[PDB]
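Chains as they are written, first to last, in the entry's author numbering: chain A, 2 to 27, 27A to 27E, 28 to 108; chain B, 31 to 57, 64 to 137, 150 to 309, 312 to 321, 321A, 322 to 355, 357 to 397, 401 to 402, 408 to 410, 412 to 508; chain C, 150 to 190; chain D, 296 to 309, 312 to 321, 321A, 322 to 349; chain E, 460 to 507; chain F, 521 to 664; chain G, 512 to 664; chain H, 512 to 658; chain I, 2 to 52, 52A, 53 to 82, 82A to 82C, 83 to 100, 100A to 100R, 101 to 114.
Positions of the beta carbon are idealized from the N, C-alpha and C atoms, including for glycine.
One structure is given below, encoded as structure tokens.
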Ligand SMILES: *[C@@H]1O[C@H](CO[C@@H]2O[C@@H](C)[C@@H](O)[C@@H](O)[C@@H]2O)[C@@H](O[C@@H]2O[C@H](CO)[C@@H](O[C@@H]3O[C@H](CO[C@H]4O[C@H](CO[C@@H]5O[C@H](CO)[C@@H](O)[C@H](O)[C@H]5NC(C)=O)[C@@H](O)[C@H](O)[C@@H]4O[C@@H]4O[C@H](CO)[C@@H](O[C@@H]5O[C@H](CO)[C@H](O)[C@H](O)[C@H]5O)[C@H](O)[C@H]4NC(C)=O)[C@@H](O)[C@H](O[C@H]4O[C@H](CO)[C@@H](O[C@@H]5O[C@H](CO)[C@@H](O[C@@H]6O[C@H](CO)[C@H](O)[C@H](O)[C@H]6O)[C@H](O)[C@H]5NC(C)=O)[C@H](O)[C@@H]4O[C@@H]4O[C@H](CO)[C@@H](O[C@@H]5O[C@H](CO)[C@H](O)[C@H](O)[C@H]5O)[C@H](O)[C@H]4NC(C)=O)[C@@H]3O)[C@H](O)[C@H]2NC(C)=O)[C@H](O)[C@H]1NC(C)=O
Ligand SMILES: *[C@@H]1O[C@H](CO[C@@H]2O[C@@H](C)[C@@H](O)[C@@H](O)[C@@H]2O)[C@@H](O[C@@H]2O[C@H](CO)[C@@H](O[C@@H]3O[C@H](CO[C@H]4O[C@H](CO[C@@H]5O[C@H](CO)[C@@H](O[C@@H]6O[C@H](CO)[C@H](O)[C@H](O)[C@H]6O)[C@H](O)[C@H]5NC(C)=O)[C@@H](O)[C@H](O)[C@@H]4O[C@@H]4O[C@H](CO)[C@@H](O[C@@H]5O[C@H](CO)[C@H](O)[C@H](O)[C@H]5O)[C@H](O)[C@H]4NC(C)=O)[C@@H](O)[C@H](O[C@H]4O[C@H](CO)[C@@H](O)[C@H](O)[C@@H]4O[C@@H]4O[C@H](CO)[C@@H](O)[C@H](O)[C@H]4NC(C)=O)[C@@H]3O)[C@H](O)[C@H]2NC(C)=O)[C@H](O)[C@H]1NC(C)=O
Ligand SMILES: *[C@@H]1O[C@H](CO)[C@@H](O[C@@H]2O[C@H](CO)[C@@H](O[C@@H]3O[C@H](CO)[C@@H](O)[C@H](O)[C@@H]3O)[C@H](O)[C@H]2NC(C)=O)[C@H](O)[C@H]1NC(C)=O
Ligand SMILES: *[C@@H]1O[C@H](CO)[C@@H](O[C@@H]2O[C@H](CO)[C@@H](O[C@@H]3O[C@H](CO)[C@@H](O)[C@H](O)[C@@H]3O)[C@H](O)[C@H]2NC(C)=O)[C@H](O)[C@H]1NC(C)=O
Ligand SMILES: *[C@@H]1O[C@H](CO)[C@@H](O[C@@H]2O[C@H](CO)[C@@H](O[C@@H]3O[C@H](CO)[C@@H](O)[C@H](O)[C@@H]3O)[C@H](O)[C@H]2NC(C)=O)[C@H](O)[C@H]1NC(C)=O
Ligand SMILES: *[C@@H]1O[C@H](CO)[C@@H](O[C@@H]2O[C@H](CO)[C@@H](O[C@@H]3O[C@H](CO)[C@@H](O)[C@H](O)[C@@H]3O)[C@H](O)[C@H]2NC(C)=O)[C@H](O)[C@H]1NC(C)=O
Ligand SMILES: *[C@@H]1O[C@H](CO)[C@@H](O[C@@H]2O[C@H](CO)[C@@H](O[C@@H]3O[C@H](CO)[C@@H](O)[C@H](O)[C@@H]3O)[C@H](O)[C@H]2NC(C)=O)[C@H](O)[C@H]1NC(C)=O
Ligand SMILES: *[C@@H]1O[C@H](CO[C@@H]2O[C@@H](C)[C@@H](O)[C@@H](O)[C@@H]2O)[C@@H](O[C@@H]2O[C@H](CO)[C@@H](O)[C@H](O)[C@H]2NC(C)=O)[C@H](O)[C@H]1NC(C)=O
Ligand SMILES: *[C@@H]1O[C@H](CO)[C@@H](O[C@@H]2O[C@H](CO)[C@@H](O)[C@H](O)[C@H]2NC(C)=O)[C@H](O)[C@H]1NC(C)=O
Ligand SMILES: *[C@@H]1O[C@H](CO)[C@@H](O[C@@H]2O[C@H](CO)[C@@H](O)[C@H](O)[C@H]2NC(C)=O)[C@H](O)[C@H]1NC(C)=O
Ligand SMILES: *[C@@H]1O[C@H](CO)[C@@H](O[C@@H]2O[C@H](CO)[C@@H](O)[C@H](O)[C@H]2NC(C)=O)[C@H](O)[C@H]1NC(C)=O
Ligand SMILES: *[C@@H]1O[C@H](CO)[C@@H](O)[C@H](O)[C@H]1NC(C)=O
Ligand SMILES: *[C@@H]1O[C@H](CO)[C@@H](O)[C@H](O)[C@H]1NC(C)=O
């Protein structure tokens, strides 16, 4: 039960669309009829910020530019109109079963 | 005292929303709706008014609707199963214009179709309506039938009639149906004057579109409902406070003709038209129709500020989804509803007093748009005379806008399951759980140690 | 290898009309049995 | 296991609701379908089996 | 093939029922009988 | 259709639970159904048809609900009777609210909203205390 | 993820337990003679109701009807007997019928201390029907007729 | 080769009685209400279940389900009625409704010593309806009176 | 909500610490809590979890048997004790709260054994660092 992410790093300009891919080796469906996979981010010195939970259910205080979807074994994010503020490290976390585990970790930054 | 004990109560007033199977109930042939297969009804309910409670309702989530549609679709199958397939008839045939003295609407066709497996020449004559056929090879007299390429045509059994009949849906013991008796209701939200019943009020099944025929009426005033009025992609259902008479008829006589295609295979058609060929038509009071619209328009503005309210005809095309349609007594009529929808009511404010609206007859019906399964309906020998009550409208609003503060409403929908929504908007199915627990006072009373 | 897939060449009446359509489709050797010795039928 | 199946479908009308689906044409190197097994581990498997036999 | 001892095996079979059998092998279906009786040192205390 | 009590609070409703007494239906309804059971012969000759099938399934469902609800009352040693008691101390872990508030200004249904995650256990403690133990204690007395 | 608590005995938990102690788990067995889909869930009930509906037109739905009816019959098949005997449950009850040693002589100190229910059951299989009938007549004979007469003044 | 023992009177043997004697065997009668195949019935029950595995048939097969459900319902109907009357267990249950002589006035001695249940049925059949109703009222008033 | 850590620092291998977390602004006894771990310049690692009623608790394999996490539902605090620290335990440790609160352990009546539901996270604290090794 592991989880991997691509790209390792992603350089996109302000207003440019972007995406993040996280694949699980194990089925993510939960016994309540939904999947157990969350995403979030942190900047240097900062702590993870829940971005979206239960795939499509984005978290309160998060822009609509953040979307995502996937199969019962892997999921991806898409960020439209990436903002200059949207830099930092992004992770995914599988909570389908113990131990809790995380994706490899991706770094989003700007390109110039 | 302050030491508390569990106590158990049975028959407590607690219910939960749930889905269950509805139980059909009711009062010399069988009919498509074999309501004699449903249980003889309670002659006198047994309905209970509840005190001091409210209940949330939602007529666009209530799956009773889905069950009804499912049910009727399967019923048609049960009437059509043991009936004659008409595959032999899908041949190229030649046909001539009937000397009708409209103008080619009915054609006298002839065909050579070997009936028995034997080596036979079988040139037979039969009558069709323009809608039933497709011309072959441009300027010629050859025709084929409209559905043969993709679908199997099955003839409706002659002794089994359409015959809409009042049906009740009861709930099985342990279940109960809540009913919002709260006069005036937009279809979604909390209802206050709530009662409960063991079974629903009679619903008559009906195959129809654009206009609702013989349904139930609103108590006081005309009401309008829609899942989301600002979303024009949603349909609009209008229920009238008072019905409007409409009569229809087939003004000629017909001779039944059978054709023995094969073993147990009697195909029926019309052997002769007796009397002049007059156009099938309906009649409706122009004044009544006008005044109902007045009332509707008022409500439309109540929903939509103060705008330009328009009634136009639909976008055109396929008669089955575009024209007004209904089954009268086994025959299928399609009318040009434009006559009813050709005006505007944008602010405070022709020919004859009644509108005569002609229609077309189609013998090959594609019920529920089921690809592969086409149904054929036999003639019933003329003298066709029906009357009905328009009790509501199926309207939609045009997408986009012409920036004129104008909202155009037109005959629409197309999904027959809305027909049911216009009768089921009061009901909700729940289930009751008798069992519950509660704290002291009291004690079991036992011997220790 | 040879004789793995054959491309006929068959006659079929379409629906019920005067159109015996000459038509072709691919088949695998396992699906078919030779007719009239080693003829192409 | 694999099969060089780069081919396209062809629909042929037979009759009422009767669409015949078949292969129109194979477009590419027609090679025979096959599987591949590592041997090695396979043989080791057999070694386990014969012990129990 | 007893002519030289040894054992000879072929990749045989016989039915798809063995295909199932290969995964169902450790399961049983048992009917539960909830009612039973037994001796004790207790009367019923019926008045007579 | 005994839900008249739904418009009141638990106190009051508790005075009407015994007023309801007469089953929520069934009983005399089954007697009416007996008349319909005679008719069923016609509905047998009818042959297999949708509505008929639904009806069969509806009967099965109704009965299943009835017995499931009854079952627990039997196992609990309470039978019925509409109101019984059991020697299970009300563990305050479940809830902690004044009886005045529990019985007054408390719609019965609404109350259930706050008991649901505890009902399951409550049944267990009833079982495994009330009948598990007490049943023996009567026998144990009768041993002497 | 899901974490786990603790027994709370469990279904058939006493299957191999010495009858003396196993006799105190009767609540568990009785609780589940109509189930296997317990607790709302609450997606399991939703699914089952969905299949019970959708499949109402076909053989597989019929097979579910078959199974459901079977369950009910088996239940009532035991409730009937418990009703007839003066043993409306109550998980246990005593009769007036004296144990006839012909059935088994075995000592209670062997029975209640080193035997499972199934071992015990093997030994009384052939006497089950007889035992029932004797309980039945004991129930009626006097305990009900004389009972009626005990209120006769 | 099968031998036969003694009774142990069986199904409906009591019909020859004589209601005085018919108070016996009430269990013998009642016990078979849910089965004509009572007991393991080796070489029967096995086939009974085997048959129910063969319910891929339509019409015919389903008739057996109807039968089984109606049997269950018939049973339960009676059980509900007894529950209502406060007769949950079991065989004999006295009420607090005094017998209305209008229904019948034959000597008590005639009834129990020289009369058969079948006859008794025929004699008071026309009053069954209201007898039951009155019994209900008794228990209803007892619900409230015993408070 | 208020979520802060307290009691970090540096110790030698074989030593032990009691890293606590102090919280406020919510019904603490209804929220199961997490401890997470991030090694310097590396990704995230779950370490341990403790149920809302403080009964149920699980650990990661690498820490299982050395770490012990507890609760005080009255004072609104977590206590992550870490015994017999190893050099590689040098890392940032952080207190976090579950996103979806669970009720009481759902008991299934078919040997359910009281199940606890666990979900994602929604509040991370600041974190602190625990460094391990002799010098
Ligand atoms: C029991 O049981 C039950 C059940 O269970 C179940 O079942 C069973 C049978 C079994 O199975 C089991 O297992 C299961 O589980 C349970 O329940 C539970 O509960 C819990 C609790 O307890 C809960 O939790 C919660 O959650 C939530 C969430 O969830 C929900 O939602 C969702 C959504 O999703 C999504 O979304 C989106 C949007 O977003 C959308 O779009 C989408 O679409 C969606 N999706 C979908 C798919 O849909 C969902 O999902 C879910 O589901 C949920 O919901 C629910 O659901 C259900 C179903 O499922 C239902 O039911 C139903 O219903 C119907 C009708 O409708 C019928 O009836 C039926 O029958 C039924 O069934 C329900 O209803 C629903 N609900 C609703 C409501 O609706 C969340 O949100 C929450 O949280 C929140 O809130 C809270 C409150 O409450 C808060 O806190 C607060 O705070 C404050 C402050 O601020 C405080 O105050 C304070 O105080 C002091 C003193 O003390 C002083 O004064 C001071 O000054 C003050 O301040 C207070 O206190 C508090 N509170 C408390 C209580 O404590 C929190 O915070 C929150 O809020 C929010 O948050 C956030 C974060 O997170 C934030 O953000 C932030 O912010 C900041 C600033 O601040 C910055 O800005 C940053 O940046 C950011 O980030 C915000 O802001 C906030 N807001 C505000 C406004 O503020 C909670 O957590 C859960 O959920 C449940 N579950 C379920 C499933 O549901 C129970 O529990 C048990 N128990 C008993 C006892 O019974
Ligand atoms: C009412 O209600 C309530 C509630 O209930 C609930 O809910 C409901 C609704 C239903 O559901 C039911 O069912 C439930 O329950 C109730 O409550 C209850 O109660 C009971 C009683 O009665 C109880 O029980 C108890 O428990 C306990 C626990 O156990 C566990 O743990 C332990 C430890 O503990 C801990 O410790 C620590 C230290 O180390 C601490 O910390 C501290 O803190 C402070 C402050 O506070 C400071 O800070 C300091 O510094 C520190 O240190 C903590 O706190 C604690 N905790 C607590 C909570 O307390 C151990 O030892 C043990 O062993 C155990 O363990 C466990 O185990 C299990 C198994 O079995 C596990 O699970 C598992 O896991 C794995 C992994 O690993 C996996 O996951 C699986 O899956 C699973 O299964 C777990 O995990 C574990 N845990 C852990 C954490 O790890 C106990 O302890 C107790 O016991 C006691 O008693 C007995 C008699 O009875 C005896 O015999 C014993 O011994 C004991 O004692 C004791 O001891 C000690 C030594 O050891 C001493 O010291 C003391 O003193 C003593 N005590 C006395 C008193 O004396 C019991 O069992 C329960 O829990 C509860 N619950 C809850 C939830 O909570 C109530 O009751 C009711 N009411 C009435 C009236 O009834
Ligand atoms: C369908 O059956 C009709 C009869 O029911 C067939 O009509 C007859 O068809 C033949 C062949 O097309 C026509 O024969 C023509 O006769 C004249 C004189 O013998 C000859 O000069 C022509 O070369 C030709 O053979 C015949 O006139 C026509 N009858 C009429 C009333 O038009 C038709 O052939 C049948 N179709 C099928 C596919 O068999
Ligand atoms: C199309 O429908 C027309 C009526 O609308 C049918 O007309 C009738 O057709 C038959 C057959 O062509 C005619 O019968 C023949 O009439 C002659 C003279 O009366 C008689 O010698 C024959 O024994 C035979 O009865 C009949 O007169 C004609 N009626 C009229 C008004 O012209 C026609 O049969 C229908 N079908 C076909 C394929 O055309
Ligand atoms: C709450 O809604 C219920 C319907 O869900 C309303 O019930 C209706 O109440 C009136 C007044 O009790 C009944 O009318 C009476 O009917 C008799 C004839 O049966 C007539 O003699 C009286 O002059 C009178 O009209 C009506 O039948 C009853 N409807 C049903 C279904 O029982 C009730 O009015 C509603 N309350 C509110 C405040 O609107
Ligand atoms: C009824 O449902 C319709 C959709 O069928 C809802 O329409 C939505 O209304 C909002 C407000 O006018 C629109 O949001 C605005 O959209 C623009 C562009 O996407 C964005 O720039 C704004 O920030 C804002 O979100 C929304 O697009 C529109 N949806 C569509 C399909 O046009 C209406 O809200 C519904 N009413 C009810 C009571 O829910
Ligand atoms: C079939 O009906 C006949 C009567 O028509 C029953 O025969 C009578 O049965 C009773 C009970 O066995 C006998 O009564 C006993 O007689 C002895 C001597 O007279 C007396 O000591 C007892 O106190 C008691 O009255 C009665 O004599 C006998 N009659 C004759 C003609 O033998 C028989 O019981 C009925 N069977 C069924 C199954 O009810
Ligand atoms: C006891 O019964 C008599 C007779 O009742 C009639 O016969 C029954 C079998 C049933 O069919 C009843 O509906 C019949 O009424 C009762 O006598 C009646 O009493 C009422 C007054 O209470 C009187 O108006 C009727 O005319 C009487 N009936 C006749 C035929 O004369 C008698 O009341 C019953 N006793 C009690 C205590 O209720
Ligand atoms: C509704 O139709 C009625 C006729 O059915 C219209 O009433 C006519 O109005 C004109 C103008 O006042 C009079 O000449 C007629 O005599 C009226 N007819 C009758 C029956 O009184 C009325 O105008 C129509 N309304 C709509 C909006 O067109
Ligand atoms: C079916 O195809 C065959 C060829 O594959 C056609 O065969 C020829 O058919 C015509 C008409 O019967 C004859 O003139 C030829 O002599 C036939 N050739 C041989 C080899 O026999 C046949 O026409 C086709 N049928 C259809 C309807 O097109
Ligand atoms: C199992 O297969 C392996 C190869 O997969 C065989 O090992 C080879 O043995 C020969 C002889 O020692 C060497 O030449 C090869 O280099 C070996 N291969 C490798 C992968 O090391 C081994 O002989 C096989 N066993 C059986 C019983 O045939
Ligand atoms: C339309 O005007 C009517 C009065 O004629 C008024 O009641 C309603 O508020 C108006 N709507 C708009 C959007 O102003
Ligand atoms: C339209 O007429 C209505 C009255 O019928 C009035 O309320 C509104 O002001 C009118 N609009 C115009 C532009 O005069």
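Within chain B, no C-beta atom comes nearer than 7 Å to that of residue 542 of chain G; the closest sits roughly 14 Å away. Taking 8 Å as the cut-off between beta carbons, the residues of the region 535-567 of chain G near chain I are 542, 543, 546, 547, 549, 550, in sequence order. DSSP, reduced to helix, strand and coil, places residue 100O of chain I outside both helices and strands of the structure shown, so it counts as coil. Contact check for residue 45 of chain I against residue 104 of chain I fails: the beta carbons are separated by 7 Å or more. Using a cutoff of 6 Å, the CB of residue 641 of chain F counts as near ligand 2, since one of the ligand's heavy atoms is closer than that. Interface flag for residue 591 of chain F against chain B is unset, since no Cβ pair is found closer than 7 Å. Put simply, the region 599-607 of chain F does not touch the region 97-109 of chain B. Fewer than three CB pairs are less than 8 Å apart.
Annotation: the region 538-591 of chain H contains the following complete segments of the alpha helix (DSSP H) (minimum length 4 residues), in chain order: 556-563. By the beta-carbon neighbour count (other beta carbons within 10 angstroms, threshold 16), residue 574 of chain H is exposed. Using a 10 angstroms sphere on the CB of residue 329 of chain D, the tally of other CB atoms stays under 16, which defines it as exposed.
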